[PDB]
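Coordinates from my_file.csv are shown below (CSV, C-alpha atoms and all ligand atoms).
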```
chain,number,residue,atom,x,y,z
A,1,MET,CA,-37.8,-54.8,28.2
A,2,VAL,CA,-38.4,-51.1,28.5
A,3,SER,CA,-41.8,-49.4,28.7
A,4,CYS,CA,-43.3,-47.0,26.2
A,5,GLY,CA,-45.9,-45.8,28.8
A,6,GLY,CA,-49.4,-47.0,29.6
A,7,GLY,CA,-48.5,-50.7,30.1
A,8,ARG,CA,-47.0,-51.0,26.6
A,9,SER,CA,-43.5,-52.6,26.5
A,10,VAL,CA,-40.7,-53.2,23.9
A,11,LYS,CA,-37.3,-55.0,23.9
A,12,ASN,CA,-35.8,-52.1,21.9
A,13,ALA,CA,-36.6,-48.6,23.2
A,14,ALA,CA,-36.4,-47.0,19.7
A,15,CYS,CA,-39.5,-49.1,18.9
A,16,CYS,CA,-41.7,-47.0,21.1
A,17,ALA,CA,-42.0,-44.5,18.2
A,18,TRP,CA,-44.1,-47.1,16.3
A,19,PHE,CA,-47.0,-47.2,18.8
A,20,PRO,CA,-48.3,-43.8,17.7
A,21,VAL,CA,-48.1,-45.1,14.1
A,22,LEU,CA,-50.0,-48.3,15.3
A,23,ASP,CA,-52.8,-46.2,17.0
A,24,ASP,CA,-53.2,-43.9,14.0
A,25,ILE,CA,-53.4,-46.6,11.4
A,26,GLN,CA,-55.7,-48.9,13.4
A,27,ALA,CA,-58.2,-46.0,13.9
A,28,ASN,CA,-57.8,-44.0,10.7
A,29,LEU,CA,-56.7,-46.5,8.0
A,30,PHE,CA,-58.0,-49.9,9.2
A,31,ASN,CA,-61.4,-48.5,10.5
A,32,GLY,CA,-60.8,-49.5,14.1
A,33,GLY,CA,-58.5,-52.6,13.7
A,34,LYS,CA,-60.5,-54.4,11.0
A,35,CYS,CA,-59.3,-57.0,8.5
A,36,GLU,CA,-61.2,-55.5,5.5
A,37,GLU,CA,-60.2,-53.7,2.3
A,38,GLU,CA,-57.4,-51.5,3.7
A,39,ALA,CA,-55.8,-54.3,5.7
A,40,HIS,CA,-55.9,-56.5,2.7
A,41,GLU,CA,-54.3,-53.8,0.5
A,42,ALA,CA,-51.6,-53.3,3.2
A,43,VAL,CA,-50.6,-57.0,2.9
A,44,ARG,CA,-50.7,-56.9,-0.9
A,45,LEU,CA,-48.5,-53.7,-0.9
A,46,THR,CA,-45.7,-55.5,1.0
A,47,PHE,CA,-45.3,-57.8,-1.9
A,48,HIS,CA,-45.8,-55.2,-4.7
A,49,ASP,CA,-43.0,-53.3,-2.9
A,50,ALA,CA,-40.6,-56.2,-2.3
A,51,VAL,CA,-41.0,-57.9,-5.7
A,52,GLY,CA,-39.2,-54.9,-7.5
A,53,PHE,CA,-35.9,-56.7,-7.1
A,54,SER,CA,-34.0,-59.1,-9.5
A,55,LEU,CA,-31.0,-61.4,-8.8
A,56,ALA,CA,-30.6,-61.9,-12.5
A,57,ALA,CA,-30.4,-58.1,-13.2
A,58,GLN,CA,-27.7,-57.9,-10.5
A,59,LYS,CA,-25.8,-60.7,-12.2
A,60,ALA,CA,-26.1,-58.9,-15.5
A,61,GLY,CA,-24.7,-55.6,-14.0
A,62,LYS,CA,-28.1,-53.8,-14.1
A,63,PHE,CA,-30.3,-52.3,-11.4
A,64,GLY,CA,-33.0,-54.8,-10.6
A,65,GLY,CA,-34.8,-52.7,-8.0
A,66,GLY,CA,-34.1,-52.1,-4.3
A,67,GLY,CA,-36.8,-54.6,-3.0
A,68,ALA,CA,-38.6,-53.9,0.2
A,69,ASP,CA,-37.6,-50.2,0.1
A,70,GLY,CA,-40.8,-48.1,0.0
A,71,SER,CA,-40.3,-47.3,-3.8
A,72,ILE,CA,-43.9,-48.2,-4.5
A,73,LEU,CA,-44.8,-45.1,-2.3
A,74,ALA,CA,-41.9,-42.8,-3.1
A,75,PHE,CA,-42.4,-43.4,-6.8
A,76,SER,CA,-46.1,-44.3,-6.9
A,77,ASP,CA,-46.4,-42.0,-10.0
A,78,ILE,CA,-44.2,-44.5,-11.8
A,79,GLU,CA,-44.9,-47.9,-10.2
A,80,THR,CA,-48.7,-47.6,-10.1
A,81,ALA,CA,-48.6,-47.2,-14.0
A,82,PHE,CA,-47.1,-50.8,-14.2
A,83,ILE,CA,-49.8,-53.1,-15.6
A,84,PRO,CA,-50.1,-55.5,-12.7
A,85,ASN,CA,-50.1,-52.4,-10.3
A,86,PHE,CA,-53.2,-50.9,-12.0
A,87,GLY,CA,-55.4,-49.1,-9.5
A,88,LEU,CA,-52.8,-49.3,-6.7
A,89,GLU,CA,-52.7,-45.5,-6.7
A,90,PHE,CA,-55.9,-45.4,-4.4
A,91,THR,CA,-53.7,-47.4,-1.9
A,92,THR,CA,-50.4,-45.6,-2.3
A,93,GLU,CA,-52.1,-42.1,-2.0
A,94,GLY,CA,-54.0,-43.3,1.1
A,95,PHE,CA,-50.9,-44.7,2.8
A,96,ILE,CA,-48.3,-42.0,2.0
A,97,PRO,CA,-49.7,-39.4,4.4
A,98,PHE,CA,-49.4,-41.8,7.3
A,99,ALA,CA,-45.7,-42.4,6.7
A,100,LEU,CA,-45.1,-38.6,6.2
A,101,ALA,CA,-47.1,-37.7,9.3
A,102,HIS,CA,-45.0,-39.9,11.6
A,103,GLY,CA,-41.5,-39.3,10.0
A,104,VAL,CA,-41.0,-43.0,9.3
A,105,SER,CA,-39.5,-44.3,6.0
A,106,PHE,CA,-41.9,-45.4,3.3
A,107,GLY,CA,-40.1,-48.7,3.3
A,108,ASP,CA,-40.7,-49.3,7.0
A,109,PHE,CA,-44.3,-48.0,6.7
A,110,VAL,CA,-45.2,-50.5,4.0
A,111,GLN,CA,-44.0,-53.5,6.0
A,112,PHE,CA,-45.5,-52.1,9.3
A,113,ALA,CA,-48.8,-51.6,7.7
A,114,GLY,CA,-49.0,-55.1,6.2
A,115,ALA,CA,-47.9,-56.6,9.6
A,116,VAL,CA,-50.6,-54.7,11.5
A,117,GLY,CA,-53.2,-55.4,8.8
A,118,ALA,CA,-52.7,-59.2,8.7
A,119,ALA,CA,-52.7,-59.2,12.6
A,120,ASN,CA,-56.3,-57.8,12.5
A,121,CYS,CA,-57.6,-60.9,10.7
A,122,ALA,CA,-59.0,-63.8,12.9
A,123,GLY,CA,-56.5,-66.7,12.9
A,124,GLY,CA,-54.0,-64.2,11.6
A,125,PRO,CA,-50.2,-64.2,11.7
A,126,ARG,CA,-47.9,-61.9,13.8
A,127,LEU,CA,-45.3,-61.0,11.3
A,128,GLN,CA,-41.8,-60.0,12.3
A,129,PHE,CA,-41.4,-56.3,12.0
A,130,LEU,CA,-37.9,-54.9,11.7
A,131,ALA,CA,-37.4,-51.2,11.3
A,132,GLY,CA,-34.7,-49.0,10.0
A,133,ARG,CA,-35.0,-49.0,6.1
A,134,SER,CA,-33.6,-45.9,4.5
A,135,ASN,CA,-36.1,-43.4,3.3
A,136,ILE,CA,-34.0,-42.9,0.1
A,137,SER,CA,-35.1,-45.2,-2.7
A,138,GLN,CA,-35.1,-45.5,-6.4
A,139,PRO,CA,-38.0,-46.7,-8.6
A,140,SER,CA,-38.5,-50.4,-9.3
A,141,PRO,CA,-37.8,-51.4,-12.9
A,142,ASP,CA,-41.0,-52.2,-14.8
A,143,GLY,CA,-41.9,-55.8,-15.6
A,144,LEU,CA,-41.2,-57.4,-12.3
A,145,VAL,CA,-44.7,-57.9,-10.8
A,146,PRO,CA,-46.4,-61.2,-11.5
A,147,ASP,CA,-49.6,-61.0,-13.5
A,148,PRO,CA,-52.6,-63.4,-12.9
A,149,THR,CA,-52.4,-64.3,-16.6
A,150,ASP,CA,-48.8,-65.5,-16.2
A,151,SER,CA,-48.1,-69.3,-16.4
A,152,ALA,CA,-46.8,-71.2,-13.4
A,153,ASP,CA,-43.4,-71.3,-15.2
A,154,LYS,CA,-43.2,-67.6,-15.5
A,155,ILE,CA,-44.4,-66.8,-11.9
A,156,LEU,CA,-42.1,-69.4,-10.3
A,157,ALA,CA,-39.2,-68.1,-12.3
A,158,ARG,CA,-39.9,-64.4,-11.2
A,159,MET,CA,-40.3,-65.6,-7.6
A,160,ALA,CA,-37.0,-67.6,-7.7
A,161,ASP,CA,-35.5,-64.3,-9.0
A,162,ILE,CA,-36.3,-62.6,-5.7
A,163,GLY,CA,-35.1,-65.6,-3.6
A,164,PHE,CA,-38.2,-67.8,-3.2
A,165,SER,CA,-38.6,-71.5,-3.9
A,166,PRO,CA,-41.9,-72.8,-5.3
A,167,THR,CA,-42.7,-74.1,-1.9
A,168,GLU,CA,-42.3,-70.6,-0.4
A,169,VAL,CA,-44.5,-69.2,-3.2
A,170,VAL,CA,-47.4,-71.4,-1.9
A,171,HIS,CA,-46.7,-70.2,1.6
A,172,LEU,CA,-46.8,-66.5,0.5
A,173,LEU,CA,-50.1,-67.2,-1.2
A,174,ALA,CA,-51.7,-67.8,2.2
A,175,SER,CA,-52.3,-64.1,1.7
A,176,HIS,CA,-55.1,-64.8,-0.8
A,177,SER,CA,-57.1,-66.2,2.2
A,178,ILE,CA,-57.6,-62.5,3.1
A,179,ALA,CA,-58.1,-61.0,-0.3
A,180,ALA,CA,-60.3,-59.8,-3.1
A,181,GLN,CA,-60.0,-58.4,-6.7
A,182,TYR,CA,-61.0,-54.8,-7.6
A,183,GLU,CA,-59.4,-54.2,-11.0
A,184,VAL,CA,-59.4,-57.6,-12.8
A,185,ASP,CA,-63.2,-57.0,-13.3
A,186,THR,CA,-64.5,-53.8,-11.6
A,187,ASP,CA,-68.0,-55.0,-12.3
A,188,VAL,CA,-67.6,-57.5,-9.5
A,189,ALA,CA,-65.1,-55.4,-7.4
A,190,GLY,CA,-64.7,-56.8,-3.9
A,191,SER,CA,-65.3,-60.5,-5.0
A,192,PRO,CA,-62.9,-62.4,-2.7
A,193,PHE,CA,-60.6,-65.3,-3.4
A,194,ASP,CA,-62.1,-67.4,-0.6
A,195,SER,CA,-65.4,-67.6,1.3
A,196,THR,CA,-63.8,-65.9,4.4
A,197,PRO,CA,-61.7,-62.9,3.4
A,198,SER,CA,-61.7,-61.5,7.0
A,199,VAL,CA,-60.4,-64.9,8.3
A,200,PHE,CA,-56.8,-66.0,7.8
A,201,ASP,CA,-57.8,-69.7,7.4
A,202,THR,CA,-57.2,-72.6,5.0
A,203,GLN,CA,-60.4,-72.0,3.0
A,204,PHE,CA,-58.4,-70.4,0.1
A,205,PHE,CA,-56.4,-73.7,-0.2
A,206,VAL,CA,-59.5,-75.9,-0.1
A,207,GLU,CA,-61.7,-73.8,-2.4
A,208,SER,CA,-59.1,-73.1,-5.1
A,209,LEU,CA,-58.8,-76.9,-5.5
A,210,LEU,CA,-62.4,-77.4,-6.2
A,211,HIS,CA,-63.5,-77.8,-9.8
A,212,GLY,CA,-64.6,-74.5,-11.3
A,213,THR,CA,-68.3,-74.4,-12.0
A,214,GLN,CA,-69.2,-70.7,-12.8
A,215,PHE,CA,-67.6,-67.3,-13.5
A,216,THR,CA,-68.1,-64.5,-11.0
A,217,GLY,CA,-66.9,-61.8,-13.4
A,218,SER,CA,-66.8,-61.7,-17.2
A,219,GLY,CA,-64.0,-64.3,-17.4
A,220,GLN,CA,-61.4,-61.6,-18.5
A,221,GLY,CA,-58.0,-60.5,-17.3
A,222,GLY,CA,-57.0,-63.9,-15.7
A,223,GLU,CA,-60.3,-64.9,-14.2
A,224,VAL,CA,-61.1,-68.6,-14.5
A,225,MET,CA,-64.2,-70.4,-13.2
A,226,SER,CA,-64.5,-70.5,-9.4
A,227,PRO,CA,-66.6,-73.0,-7.4
A,228,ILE,CA,-69.0,-70.7,-5.5
A,229,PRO,CA,-71.0,-67.7,-6.7
A,230,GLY,CA,-69.4,-64.5,-5.7
A,231,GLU,CA,-65.9,-66.1,-5.3
A,232,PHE,CA,-63.3,-65.0,-7.8
A,233,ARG,CA,-60.6,-67.4,-9.0
A,234,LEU,CA,-57.3,-66.3,-10.6
A,235,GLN,CA,-55.7,-68.2,-13.4
A,236,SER,CA,-52.4,-67.9,-11.5
A,237,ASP,CA,-53.8,-69.5,-8.3
A,238,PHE,CA,-55.4,-72.3,-10.5
A,239,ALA,CA,-52.0,-72.9,-12.2
A,240,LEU,CA,-50.0,-72.9,-9.0
A,241,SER,CA,-52.5,-75.1,-7.0
A,242,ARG,CA,-52.1,-77.8,-9.7
A,243,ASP,CA,-48.5,-77.5,-11.0
A,244,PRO,CA,-46.3,-80.6,-10.1
A,245,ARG,CA,-43.8,-78.2,-8.4
A,246,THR,CA,-46.3,-76.7,-6.0
A,247,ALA,CA,-49.4,-78.9,-5.8
A,248,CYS,CA,-48.3,-81.1,-2.8
A,249,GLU,CA,-47.5,-78.1,-0.6
A,250,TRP,CA,-50.9,-76.6,-1.6
A,251,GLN,CA,-52.6,-79.7,-0.6
A,252,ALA,CA,-50.6,-80.0,2.7
A,253,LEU,CA,-52.0,-76.7,3.9
A,254,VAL,CA,-55.7,-77.6,3.6
A,255,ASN,CA,-55.7,-79.4,7.0
A,256,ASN,CA,-53.1,-77.4,9.0
A,257,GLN,CA,-54.0,-73.8,9.6
A,258,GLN,CA,-51.2,-73.4,12.2
A,259,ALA,CA,-48.5,-74.5,9.7
A,260,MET,CA,-50.0,-72.1,7.2
A,261,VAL,CA,-49.6,-69.3,9.8
A,262,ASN,CA,-46.0,-70.4,10.7
A,263,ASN,CA,-45.0,-70.8,7.1
A,264,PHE,CA,-46.4,-67.4,6.2
A,265,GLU,CA,-44.6,-65.7,9.1
A,266,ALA,CA,-41.3,-67.5,8.0
A,267,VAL,CA,-41.6,-66.4,4.3
A,268,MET,CA,-42.8,-62.9,5.1
A,269,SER,CA,-39.8,-62.4,7.3
A,270,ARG,CA,-37.6,-62.9,4.2
A,271,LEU,CA,-39.9,-60.8,1.9
A,272,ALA,CA,-39.8,-57.8,4.2
A,273,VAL,CA,-36.0,-57.6,4.0
A,274,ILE,CA,-35.5,-58.2,0.3
A,275,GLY,CA,-32.8,-55.6,-0.8
A,276,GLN,CA,-32.1,-54.8,2.9
A,277,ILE,CA,-29.3,-55.8,5.4
A,278,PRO,CA,-31.0,-57.3,8.5
A,279,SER,CA,-28.1,-56.5,10.8
A,280,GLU,CA,-28.8,-52.7,10.0
A,281,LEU,CA,-32.4,-53.1,11.2
A,282,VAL,CA,-34.0,-52.9,14.7
A,283,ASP,CA,-36.4,-55.6,15.8
A,284,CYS,CA,-39.8,-53.9,16.7
A,285,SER,CA,-41.9,-57.1,16.3
A,286,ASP,CA,-43.4,-56.7,19.7
A,287,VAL,CA,-45.3,-53.5,18.5
A,288,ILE,CA,-47.4,-55.8,16.2
A,289,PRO,CA,-50.9,-56.5,17.7
A,290,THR,CA,-52.2,-59.9,18.6
A,291,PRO,CA,-55.1,-61.1,16.3
A,292,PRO,CA,-58.7,-61.1,17.6
A,293,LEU,CA,-59.6,-63.9,20.1
A,294,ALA,CA,-61.3,-66.2,17.6
A,295,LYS,CA,-61.0,-69.9,17.1
A,296,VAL,CA,-60.1,-70.6,13.5
A,297,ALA,CA,-60.5,-74.1,12.3
A,298,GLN,CA,-57.3,-76.0,12.0
A,299,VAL,CA,-58.8,-78.1,9.2
A,300,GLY,CA,-60.6,-76.5,6.2
A,301,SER,CA,-64.1,-77.4,5.2
A,302,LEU,CA,-65.7,-78.1,1.9
A,303,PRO,CA,-68.2,-75.4,1.1
A,304,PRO,CA,-72.0,-76.2,1.1
A,305,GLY,CA,-73.1,-78.4,-1.8
A,306,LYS,CA,-69.6,-79.8,-2.4
A,307,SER,CA,-68.2,-83.3,-1.7
A,308,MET,CA,-64.7,-84.8,-1.9
A,309,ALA,CA,-65.4,-85.6,-5.5
A,310,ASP,CA,-65.4,-81.9,-6.3
A,311,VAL,CA,-61.7,-81.5,-5.1
A,312,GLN,CA,-59.0,-81.8,-7.8
A,313,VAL,CA,-56.2,-84.0,-6.6
A,314,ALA,CA,-53.0,-82.7,-8.3
A,315,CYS,CA,-50.4,-83.8,-5.8
A,316,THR,CA,-48.8,-87.1,-7.0
A,317,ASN,CA,-45.8,-88.0,-4.8
A,318,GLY,CA,-47.5,-86.9,-1.6
A,319,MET,CA,-50.9,-88.6,-1.1
A,320,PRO,CA,-54.7,-88.4,-0.9
A,321,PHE,CA,-57.0,-85.9,0.9
A,322,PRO,CA,-58.8,-86.7,4.2
A,323,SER,CA,-62.5,-86.5,4.1
A,324,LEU,CA,-62.7,-82.8,4.9
A,325,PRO,CA,-65.9,-81.8,6.7
A,326,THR,CA,-68.7,-80.1,4.6
A,327,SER,CA,-70.2,-76.8,5.8
A,328,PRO,CA,-73.9,-77.0,6.7
A,329,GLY,CA,-76.8,-75.3,5.0
A,330,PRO,CA,-77.4,-74.2,1.4
A,331,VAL,CA,-75.0,-72.9,-1.2
A,332,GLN,CA,-74.6,-69.2,-0.6
A,333,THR,CA,-73.1,-66.4,-2.7
A,334,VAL,CA,-69.8,-65.1,-1.2
A,335,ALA,CA,-70.4,-61.5,-0.2
A,336,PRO,CA,-68.0,-58.9,-1.6
A,337,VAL,CA,-65.5,-56.9,0.5
A,338,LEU,CA,-66.9,-53.4,-0.1
A,401,LIG,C1,-47.6,-65.3,-6.9
A,401,LIG,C2,-48.1,-64.4,-7.8
A,401,LIG,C3,-49.3,-63.5,-7.5
A,401,LIG,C4,-50.3,-63.2,-8.4
A,401,LIG,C5,-50.4,-63.5,-9.9
A,401,LIG,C6,-51.2,-62.4,-7.6
A,401,LIG,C7,-52.4,-61.8,-8.2
A,401,LIG,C8,-53.3,-61.0,-7.5
A,401,LIG,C9,-54.4,-60.3,-8.1
A,401,LIG,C10,-54.7,-60.3,-9.6
A,401,LIG,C11,-55.0,-59.6,-7.1
A,401,LIG,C12,-56.3,-58.7,-7.3
A,401,LIG,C13,-55.7,-57.3,-7.7
A,401,LIG,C14,-56.9,-56.5,-8.0
A,401,LIG,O1,-57.5,-56.6,-9.1
A,401,LIG,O2,-57.4,-55.8,-7.1
A,401,LIG,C15,-54.4,-59.9,-5.9
A,401,LIG,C16,-54.8,-59.5,-4.6
A,401,LIG,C17,-54.1,-59.7,-3.4
A,401,LIG,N1,-52.9,-60.2,-3.3
A,401,LIG,FE1,-52.0,-61.4,-4.8
A,401,LIG,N2,-50.9,-62.3,-6.3
A,401,LIG,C18,-49.6,-62.9,-6.2
A,401,LIG,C19,-48.9,-63.1,-5.0
A,401,LIG,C20,-49.2,-62.4,-3.8
A,401,LIG,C21,-48.3,-62.3,-2.7
A,401,LIG,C22,-46.9,-62.9,-2.7
A,401,LIG,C23,-49.0,-61.6,-1.7
A,401,LIG,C24,-48.5,-61.1,-0.2
A,401,LIG,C25,-47.8,-62.0,0.5
A,401,LIG,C26,-50.2,-61.3,-2.2
A,401,LIG,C27,-51.3,-60.6,-1.6
A,401,LIG,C28,-52.5,-60.2,-2.0
A,401,LIG,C29,-53.6,-59.7,-1.1
A,401,LIG,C30,-53.6,-59.6,0.4
A,401,LIG,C31,-54.6,-59.3,-2.1
A,401,LIG,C32,-56.0,-58.7,-1.8
A,401,LIG,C33,-55.9,-57.1,-1.9
A,401,LIG,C34,-57.2,-56.5,-1.6
A,401,LIG,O3,-58.1,-57.3,-1.3
A,401,LIG,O4,-57.4,-55.2,-1.6
A,401,LIG,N3,-50.3,-61.8,-3.5
A,401,LIG,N4,-53.4,-60.8,-6.1
A,402,CA,CA,-39.8,-51.6,-4.0
A,403,CA,CA,-60.0,-66.8,4.3
A,404,CL,CL,-37.2,-46.8,13.8
A,405,NA,NA,-40.0,-65.8,12.6
```

Please rewrite the model in this file as structure tokens.
Amino acid sequence: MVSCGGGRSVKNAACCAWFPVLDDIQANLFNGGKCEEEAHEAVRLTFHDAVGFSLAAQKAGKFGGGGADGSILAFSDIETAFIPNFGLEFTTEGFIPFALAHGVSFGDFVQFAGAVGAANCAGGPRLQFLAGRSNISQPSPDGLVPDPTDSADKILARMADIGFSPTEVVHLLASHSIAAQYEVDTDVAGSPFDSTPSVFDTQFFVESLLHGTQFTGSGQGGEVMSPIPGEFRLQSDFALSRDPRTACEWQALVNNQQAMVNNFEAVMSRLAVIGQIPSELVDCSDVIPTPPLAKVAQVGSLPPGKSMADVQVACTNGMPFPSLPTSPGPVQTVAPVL
């Protein structure tokens, strides 16, 4: 190892340059190292950046997008006008000055910010962070970002088209354990996808499998019924939790928080280098912070007022759910991330 000063160490000396970026964003973008709206947006941005890539396009002799290349920032004017990217201009205009201030590529900044963001959440992962992506990019083609109204067929096809199996899609969706909607229905902006959007835990997997009982929003734009007031459910998460191709992996995560973390780290390592050549990158993973000391449950809980009878069993070849514990107390509305 070498030292960067002040007791901070890295394997690769060039990585020391990322500590001033760390300090700036933890203080001035993430509100002192929190896992709240900006951290969630940073995680979401890694995917909106990387998903602008198409193996099929490449096979047809067309440009499919340069993947995890910072194009969502370099060409925010273009990409934020894509339908599934609506409203992302608040995020891209917020993020851009940090990349520019520190002289790092947009492509590295997007991956660095999502790694740091996720690492702020209790229970959270420590994503691999490789640096070195060119600052020269081209805009993503339109039509490549999944939409929450898309069927499981269409989403799984789009994801296979950037290199991910349906099992890996479920692993990537561990991100919706730290997540809310702002644009599907602005009337209920901040309504999260699980009861714990600051905790990287298995509650998204448990709660998405419950029967829907009420709408949080107006039921437009891909919202379907969720199982707790204040919690928002996407049609796409409903479809993937219950599709034969994905359901058994979805179920297998409800009682293994650590495997959810490990699997998320594994798939995000791939996501962050889509369109990139890893041998051209430098490993700066040791700049990424450790998550808060916090004991996150390894096994998820049914929310208050729910029993095992409320859980949809969609996995066939695998096998039954364990009696998951039930959280104590009354039914309570999930607070929005505002
Ligand atoms: C598989 C297809 C996916 C669909 C259809 C989908 C859909 C969405 C939608 C509709 C939102 C709310 C956007 C808004 O109105 O504010 C959202 C939020 C979010 N998504 Fe996904 N998503 C997908 C995959 C992913 C992936 C692969 C990741 C990252 C690994 C991700 C990370 C997030 C995060 C962290 C948020 C919360 C952002 C915030 O709270 O500010 N999603 N997703
Ligand atoms: Ca991109
Ligand atoms: Ca959660
Ligand atoms: Cl670098
Ligand atoms: Na790894």

### Task
Could you give me, as a PyMOL selection string, the residues within 6 Å of stretch 277-283 of chain A, counting only C-alpha atoms and dropping anything in the same chain fewer than 5 positions from it?
chain A and resi 130-132

Those residues with C-alpha atoms, as a compact mmCIF listing (two decimals), in the frame of the given file please?
```txt
# COMPACT_ATOMS: atom_id res chain seq x y z
CA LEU A 130 -37.90 -54.90 11.70
CA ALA A 131 -37.40 -51.20 11.30
CA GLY A 132 -34.70 -49.00 10.00
```

Write out, as JSON lines, each residue of chain A that has an atom at most 9 Å from ligand NA 405 (chain A), together with the closest pair of atoms and their distance in Å to one decimal, counting only C-alpha atoms and all ligand atoms, rows going by chain and rising number.
```
{"residue": "A:126", "atom": "CA", "partner": "A:NA405", "partner_atom": "NA", "distance": 8.9}
{"residue": "A:127", "atom": "CA", "partner": "A:NA405", "partner_atom": "NA", "distance": 7.3}
{"residue": "A:128", "atom": "CA", "partner": "A:NA405", "partner_atom": "NA", "distance": 6.1}
{"residue": "A:262", "atom": "CA", "partner": "A:NA405", "partner_atom": "NA", "distance": 7.8}
{"residue": "A:263", "atom": "CA", "partner": "A:NA405", "partner_atom": "NA", "distance": 9.0}
{"residue": "A:265", "atom": "CA", "partner": "A:NA405", "partner_atom": "NA", "distance": 5.8}
{"residue": "A:266", "atom": "CA", "partner": "A:NA405", "partner_atom": "NA", "distance": 5.1}
{"residue": "A:267", "atom": "CA", "partner": "A:NA405", "partner_atom": "NA", "distance": 8.5}
{"residue": "A:268", "atom": "CA", "partner": "A:NA405", "partner_atom": "NA", "distance": 8.5}
{"residue": "A:269", "atom": "CA", "partner": "A:NA405", "partner_atom": "NA", "distance": 6.3}
```

### Message
Please find the residues contacting ligand CL 404 (chain A) at a distance of at most 12 Å between atoms, with only C-alpha atoms and all ligand atoms counted, and report them as a VMD selection string.
### Response
chain A and resid 12 to 19 21 99 102 to 109 112 129 to 135 280 to 285 287

### Task
Extract, using only C-alpha atoms, all DNA, RNA and protein residues at most 8 Å from residue A:225, discarding same-chain residues fewer than 5 positions from it, and format them as a PyMOL selection string.
chain A and resi 212-216+219+232-233

#### Entry: Surrounding residues of stretch 47-56 of chain A excluding itself and chain neighbours under 5 positions, 6 Å, all atoms listed in the file, as a list in words
residues 64, 65, 66, 67, 68, 72, 140, 144, 161 and 162 of chain A

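Each of A:309, A:331, A:245, A:293 was compared to residue A:195 using only C-alpha atoms, and A:331 turns out to be the nearest.
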
### Query
Please, which residues have at least one atom within 8 Å of an atom of ligand LIG 401 (chain A), using all atoms listed in the file, listed as JSON, numbers by chain?
{"A": [36, 37, 38, 39, 40, 41, 42, 43, 44, 45, 46, 47, 48, 84, 85, 86, 87, 88, 145, 146, 147, 148, 149, 150, 155, 156, 159, 169, 170, 172, 173, 174, 175, 176, 177, 178, 179, 180, 181, 182, 183, 184, 185, 186, 189, 190, 192, 222, 234, 235, 236, 237, 264, 268, 337]}

### Selection near residue A:296, 7 Å with all atoms listed in the file, sequence-local residues under 3 positions removed, as JSON, numbers by chain
{"A": [122, 123, 201]}

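Residues with any atom within 9 Å of stretch 317-327 of chain A, counting all atoms listed in the file and excluding same-chain neighbours fewer than 5 positions away, are residues 248, 249, 251, 252, 254, 255, 299, 300, 301, 302, 303, 304, 305, 306, 307, 308 and 311 of chain A.
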
### Message
Quick check, in Å to one decimal: how far apart do atom CA of residue A:125 and atom CA of residue A:28 lie?
### Response
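About the pair atom CA of residue A:125 and atom CA of residue A:28: they are 21.6 Å apart.
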
Residues of chain A that have any atom at most 6 Å from an atom of ligand CA 403 (chain A): could you tabulate them with the shortest-distance atom pair and the distance in Å to one decimal, using only C-alpha atoms and all ligand atoms, ordered by chain and increasing number, as JSON lines?
```
{"residue": "A:177", "atom": "CA", "partner": "A:CA403", "partner_atom": "CA", "distance": 3.6}
{"residue": "A:178", "atom": "CA", "partner": "A:CA403", "partner_atom": "CA", "distance": 5.1}
{"residue": "A:194", "atom": "CA", "partner": "A:CA403", "partner_atom": "CA", "distance": 5.4}
{"residue": "A:196", "atom": "CA", "partner": "A:CA403", "partner_atom": "CA", "distance": 3.9}
{"residue": "A:197", "atom": "CA", "partner": "A:CA403", "partner_atom": "CA", "distance": 4.3}
{"residue": "A:199", "atom": "CA", "partner": "A:CA403", "partner_atom": "CA", "distance": 4.4}
{"residue": "A:200", "atom": "CA", "partner": "A:CA403", "partner_atom": "CA", "distance": 4.8}
{"residue": "A:201", "atom": "CA", "partner": "A:CA403", "partner_atom": "CA", "distance": 4.8}
{"residue": "A:203", "atom": "CA", "partner": "A:CA403", "partner_atom": "CA", "distance": 5.4}
{"residue": "A:204", "atom": "CA", "partner": "A:CA403", "partner_atom": "CA", "distance": 5.8}
```

### Query
What separation in Å, quoted to one decimal, exists between atom CA of residue A:92 and atom CA of residue A:73?
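We find that atom CA of residue A:92 and atom CA of residue A:73 lie 5.6 Å from each other.
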
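Using all atoms listed in the file for every distance, the candidate list A:272, A:188, A:119, A:83 yields A:119 as the residue closest to residue A:288.
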
### Task
Compare A:218, A:111, A:3, A:246 by their minimum atom-to-atom distance to ligand CA 402 (chain A), counting all atoms listed in the file, and give me the closest one.
A:111

### Message
Let me make sure I understand: among A:142, A:171, A:286, A:29, which one has the smallest atom-to-atom distance to residue A:9 if we use all atoms listed in the file?
### Response
A:286

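Using all atoms listed in the file, the smallest distance between any of A:152, A:81, A:74, A:210 and ligand CA 402 (chain A) comes from A:74.
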
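Of note, atom CA of residue A:22 and atom CA of residue A:294 are spaced 21.3 Å apart.
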
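Nearest to residue A:244 of all the residues A:226, A:257, A:316, A:58 is A:316, based on all atoms listed in the file.
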